[PDB]
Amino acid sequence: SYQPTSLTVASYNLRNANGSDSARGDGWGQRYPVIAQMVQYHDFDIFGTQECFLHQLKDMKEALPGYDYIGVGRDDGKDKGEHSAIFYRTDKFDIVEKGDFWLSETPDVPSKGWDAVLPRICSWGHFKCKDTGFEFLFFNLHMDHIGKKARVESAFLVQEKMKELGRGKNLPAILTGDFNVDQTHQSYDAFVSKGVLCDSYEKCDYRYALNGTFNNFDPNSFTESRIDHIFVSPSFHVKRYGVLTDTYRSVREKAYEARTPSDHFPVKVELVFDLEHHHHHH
């Protein structure tokens, strides 16, 4: 028999480790243990991350017993630069296949695309659930902030890869990432306007959204802009969407102040997939 599958997924920009944040009291070394606690407490089965240098990935894996990650450095396709690394529970999934492509006219080589200013990488894995055998694609990326044409072109390249990487089969896909611009933009429409993918924010049964997704390390910020998304094939049923606003505290240089674990909030989505019946038709 074919059992339905439940998954908890997330997208979380962990913020690259740098000296400016550290000086402001938002240093990686102070933040990441809290990030790891959130992943554990909020039961992320598999999640896309953005902005991590390799040293940050190693820290996170050390802080996350039972997780591994996939995804290469965007600068040279090896250890250099920020990653779009995907973390997953090794006791829950096997990797059937994994890869990376750059968001450009030449996706196989580290390169800037169209009008973008930095190279940008999408990392992916074809996963298989150890319990139910359910197979799916999980993509993760971080879009360019300057190149509008690049963002739009990127959206369609990702959709082409979603088909290509099925290897002849119709594999359901989950796409996470930092998309840099909000839901009013053309590159957002590029994913959803034809119903190839659905925004979990829009399709969830239950929405818990006390904020948008960027906070700029400001624990008082508010916006309705969402720049971190989880898009899914319409064959998934989206049960619940949450933005996690959890904060820790630091001593004010006893007086304390709220600190955000990263300069984004994680987006957490709970999905169900019915192997027998998962088609939509109107």
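A residue's number is simply how far along the shown sequence it sits, counting from 1.
Unmodelled residues of the deposited sequence between neighbouring positions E253 and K254 number 10 or more. If you average the C-alpha B-factors over 117-125 and over 143-151, the higher value belongs to 143-151. Per the PDB record, of the two stretches 19-27 and 5-13, 19-27 carries the greater mean B-factor over its C-alpha atoms. Of the candidates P172, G77, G168, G212, the PDB record gives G168 the highest C-alpha temperature factor. Across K194, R89, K161, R207, the greatest Cα temperature factor reported in the deposited entry is at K194. When the modelled residues of the chain are ordered by their C-alpha B factor, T132 lands in the highest third. Ranked against the other modelled residues of its chain, the C-alpha B-factor of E105 as given in the entry falls in the highest third. Ranked within its chain, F93 lands in the lowest third, by CA B factor from the PDB record. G242 sits in the lowest third of its chain by CA B factor, as recorded in the PDB entry. The deposited CA B-factor of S187 belongs to the middle third of values across its chain.
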